[PDB]
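See structure below.
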Amino acid sequence: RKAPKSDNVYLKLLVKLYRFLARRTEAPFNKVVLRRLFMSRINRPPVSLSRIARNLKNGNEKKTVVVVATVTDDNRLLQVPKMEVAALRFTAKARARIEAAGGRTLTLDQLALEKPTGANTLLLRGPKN
Amino acid sequence: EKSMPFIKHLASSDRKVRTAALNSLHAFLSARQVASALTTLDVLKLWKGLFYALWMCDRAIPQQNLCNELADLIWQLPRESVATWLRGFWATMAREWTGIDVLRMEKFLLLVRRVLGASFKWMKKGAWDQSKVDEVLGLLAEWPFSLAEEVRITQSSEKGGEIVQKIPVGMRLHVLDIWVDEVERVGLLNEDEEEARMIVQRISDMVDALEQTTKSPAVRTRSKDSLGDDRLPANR
Amino acid sequence: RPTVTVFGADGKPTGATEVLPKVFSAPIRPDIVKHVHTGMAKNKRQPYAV
Amino acid sequence: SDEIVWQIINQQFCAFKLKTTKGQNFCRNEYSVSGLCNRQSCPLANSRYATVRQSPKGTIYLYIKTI
Amino acid sequence: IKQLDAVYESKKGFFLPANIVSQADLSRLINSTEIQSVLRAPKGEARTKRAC
Amino acid sequence: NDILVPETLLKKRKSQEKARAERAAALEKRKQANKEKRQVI
Amino acid sequence: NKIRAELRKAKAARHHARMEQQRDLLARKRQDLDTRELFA
Amino acid sequence: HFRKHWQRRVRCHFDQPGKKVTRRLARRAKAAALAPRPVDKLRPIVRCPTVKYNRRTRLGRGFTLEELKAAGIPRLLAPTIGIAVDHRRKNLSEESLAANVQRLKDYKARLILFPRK
RNA sequence: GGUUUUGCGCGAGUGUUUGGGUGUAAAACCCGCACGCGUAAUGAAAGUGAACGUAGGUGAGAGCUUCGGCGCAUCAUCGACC
Ligand SMILES: [Zn+2]
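This is the structure we're talking about:
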């Protein structure tokens, strides 16, 4: 688009970062992340630890799971596996449970810091409606 | 435990106070028995204090002098604690790499270059002590050129917890960019010395294995360029 | 920065230093500051009518 | 936090700003090299900065600011 | 200061927020070794010459 | 007291040298190719 | 009367389940290198 | 639901801080009158009647005669030392009776009584 | 009093401001117990009560990839359960 609808200065900083990455890098990962950052909140549904673990169950382990949303803890999930989760915002319970399980909680700026092209990444979205 | 009240004045905002704290740490490092008893936790606190001292250092020439002194402390520490000193330094650097803005980032990169060169010129005496070479190469294999993503600090028991520290791609790229310059400055790029040839061949095998095993395209490309530097014996 | 120096009654440093709390590293959000400020300024008002 | 302070100083308010109807905004800070409020020259958003100023005594000085 | 610490830990139901950006310096984020290495070649300059 | 050049500027200078070399090679190739293009047309 | 009794029992059971959920949430919330101590 | 004259029967709440400070001043005045005594009388622990709130307990109106006798506090003297007495309530359970007896005993152990004139 | 959309805070929880504490006093700060909506449904009702399959498969599908292959959300079909 032309301008982010959000009023968060840090979200606009992320928008500038991913505009630069999309323009100077051929990464479809960067392009889709930029579009999802431009997206509104209801178009960015929250993801759950149960969902990300169910997607992580297979050989996709040791891949950095990437979701542009709020990662919410799920009481139904009893055991949380080790994982590296990078998201816009983490709820306190979700972050605490990930850290207790031994995973790594990351921000999107450090995501671009480590792997600008989204190598070894696993993109997830939330449930629609 | 150890009583080390000078780290606070090391982090203090006055240059005279920081210099006095650095001289006190000089005396501390000279004290051999305490230096012999330096643990990993202790070296982690000292290197955190020095990290913040450099962070507070303002001007270019004072920064260069402070980095030189920080590199030169290694000859002051004893043999049984040099390995702990370097390991704590690189743990501190991996923990605080991402938090530095660019303006202090230049001087922290200069500090990293200086300490790497200091380790390489402490490798000296076969004209090169194999034990020192082994220690330095083990350090380079664990923190810089790691086949894994994280480093394990302390051991697991009822008397201790856990430190898992991830290695930054930025520090990896810097070491891949400065190891050639530092080996040239220290004098391992002389083709006459068979010991030097074996050491540089081992370093080349290390960075090559990193090239084939790494999963970061930036690391792959920069390792390829470092190997393609024309000053190496292979490409000459 | 880890610590901040304390200054005496004469304007010169006393020599003591104190650790800055994490509220000073907390994020800055001018939009939320704006919203709360308008809310509070409206919260101070007194009614008028004809 | 240079980007954050720049956003706060350009999008919300600036005590040194004098916006004109002639299409340019002026910066009142005494240490700004240019007389225009812009990202390149803002003494507050540019942590590392330099300026040239004249003393009353006819002497010219250059000023340096670092992070 | 010592009481700011105490009260901001004492407030129930509130925690010091975790920010969405770790390194606030966007200049650090862009002008860094890893990014500059991973970027591709530029397709032009800031000011483009007029062709015809 | 010489004020060493920043490491980032060293990296920039190496990258710029590589870019200049690439530009020179490409320019020479384009000159030659334009020559055969003119001949064939 | 049994209909009304089961309605009342269902309402009470819903309230009790909500109270137990709050208690479970309380239980779940119950379940040197640092700068503040190193530079204290 | 605006069929009637809510215009004539709308009443606002602009005096909320005023009523709050007035209530605080009223309880302060009661304290000034009963300077060493507590502001409120001791009340027993009772149980909520309905099934929805059985497991919860609250404060009652006044202590039972049997509870007062078991605690050893005379009926006629309890209100003078600040114990609410409810003649209507009945114990009906040793559990509640014992709970109120323990509460009254704690009140006795924490109470200091002055010798008349 | 309803409803759609944008932003913001928290998030399977959320809402201090009925009230109480406090105060530089209609401000600001604080919160003990409730309550409101939501986090399992269906049947007229008695009441019952959500896993046979990586919560299922097949095919697409953004994206990642050791180029061998992994596969978000969602859709169509064949399933499973209450
Ligand atoms: Zn300005």
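Chains A, B, C, D, E, F, G and H, in that order, give the protein sequences. The first sequence lines up with residues 44 to 172 when you count with the authors' numbering. The second sequence lines up with residues 5 to 129, 148 to 258 when you count with the authors' numbering. The third sequence lines up with residues 4 to 53 when you count with the authors' numbering. The fourth sequence lines up with residues 2 to 68 when you count with the authors' numbering. The fifth sequence lines up with residues 262 to 313 when you count with the authors' numbering. The sixth sequence lines up with residues 10 to 50 when you count with the authors' numbering. The seventh sequence lines up with residues 265 to 295, 308 to 316 when you count with the authors' numbering. The eighth sequence lines up with residues 13 to 129 when you count with the authors' numbering. Ideal Cβ placement from N, Cα and C applies to all residues, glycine included.
Query: Anything with a beta carbon under 6 angstroms from a heavy atom of ligand 1 counts; list them all in chain order.; Result: D:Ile10, D:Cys15, D:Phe17, D:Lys18, D:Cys28, D:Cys38 and D:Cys43
Query: Could you tell me which chain D residues have their CB closer than 9 angstroms to the CB of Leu56 of chain A, listed as they occur along the chain?; Result: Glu4, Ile5 and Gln8
Query: Buried or exposed: which applies to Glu26 of chain F, given that a residue is buried once 16 or more other Cβ atoms fall within 10 Å of its Cβ?; Result: exposed
Query: Nearest to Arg292 of chain G by alpha carbon, out of A:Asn73, A:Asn86, A:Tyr61 and A:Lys136?; Result: A:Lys136
Query: Which residues mark the beginning and the end of the beta strand (DSSP E) in which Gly18 of chain C is found?; Result: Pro16 to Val22
Query: Report back the beta-carbon spacing between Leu74 of chain B and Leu14 of chain B to the nearest angstrom; my notes put them in contact at under 8 angstroms.; Result: Actually they are not in contact, since the Cβ atoms of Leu74 of chain B and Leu14 of chain B sit about 12 angstroms apart, beyond 8 angstroms.
Query: Please name the residue in B:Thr43, B:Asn27 and B:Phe10 whose C-alpha comes closest to that of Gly182 of chain B.; Result: B:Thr43
Query: Just confirm the distance between the C-beta atoms of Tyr64 of chain D and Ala51 of chain D, as a whole number of angstroms; I'd bet it's less than 8 angstroms.; Result: 7 angstroms
Query: Tell whether a beta-carbon distance below 7 angstroms holds between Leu115 of chain B and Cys61 of chain B.; Result: no
Query: Tell me whether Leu287 of chain E sits in a helix, a strand or coil according to DSSP, three-state version.; Result: helix
Query: Mind the definition here: the region 107-120 of chain H touches the region 73-91 of chain H only if three or more C-beta pairs lie below 8 angstroms; say whether that holds.; Result: yes
Query: Would you grab the beta carbon distance between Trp7 of chain D and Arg49 of chain D for me? Rounded to a whole angstrom, and I think it's under 8 angstroms.; Result: Wrong, their Cβ atoms sit about 14 angstroms apart, outside the cutoff.
Query: Our contact map puts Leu232 of chain B next to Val222 of chain B with C-beta atoms below 8 angstroms; I'd like the distance itself, whole angstroms only.; Result: The pair is not a contact, with the Cβ atoms about 15 angstroms apart (cut-off 8 angstroms).
Query: What are the residues that DSSP puts in a beta bridge with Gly209 of chain B?; Result: BP columns for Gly209 of chain B are empty, so no partner.
Query: Output needed for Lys66 of chain D: all residues of its chain with C-beta closer than 6 angstroms, excluding positions within five of it in sequence on either side, in chain order.; Result: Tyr50
Query: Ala110 of chain H lies in the alpha helix (DSSP H); which residues open and close that run?; Result: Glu106 to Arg122
Query: Kindly indicate the opening and closing residues of the beta strand (DSSP E) around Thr6 of chain C.; Result: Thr6 to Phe10
Query: Are the CB atoms of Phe167 of chain B and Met97 of chain B within a distance shorter than 7 angstroms?; Result: no
Query: Using a beta-carbon distance below 7 angstroms, is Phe275 of chain E in contact with chain A?; Result: no
Query: For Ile185 of chain B, which residues in the same chain have their Cβ closer than 6 angstroms to its Cβ, ignoring the five residues on either side in sequence?; Result: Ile175 and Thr176
Query: Use the C-beta contact count for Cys60 of chain H: other C-beta atoms within 10 angstroms, 16 or more gives buried, fewer gives exposed.; Result: exposed
Query: What do you reckon, are the CB atoms on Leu113 of chain B and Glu16 of chain F nearer than 7 angstroms?; Result: yes
Query: At a CB-CB cut-off below 9 angstroms, which residues of chain D make contact with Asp286 of chain E?; Result: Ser2, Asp3 and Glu4
Query: Under the rule that 16 or more other beta-carbon atoms within 10 Å means buried, what is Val111 of chain A, buried or exposed?; Result: buried
Query: What's the C-alpha gap between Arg128 of chain H and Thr92 of chain H?; Result: 11 angstroms
Query: Any beta carbon from chain D within less than 7 angstroms of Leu107 of chain B's own beta carbon?; Result: yes
Query: Closest by CA to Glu295 of chain E, which one among B:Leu198, B:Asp151 and B:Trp79?; Result: B:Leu198
Query: When the Cα of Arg118 of chain B is compared with those of B:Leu77, B:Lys129 and B:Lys154, which residue comes out closest?; Result: B:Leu77
Query: Using DSSP bridges, identify the partner residues of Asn26 of chain D.; Result: D:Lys20
Query: Report the option in B:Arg219, B:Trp201, B:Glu213 and B:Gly103 whose CA atom is closest to the CA atom of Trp59 of chain B.; Result: B:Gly103
Query: Using the Cβ count rule (16 or more neighbours within 10 Å means buried), how would you classify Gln41 of chain F?; Result: exposed
Query: Hey, is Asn10 of chain F's beta-carbon within less than 7 angstroms of any beta-carbon in chain B?; Result: yes
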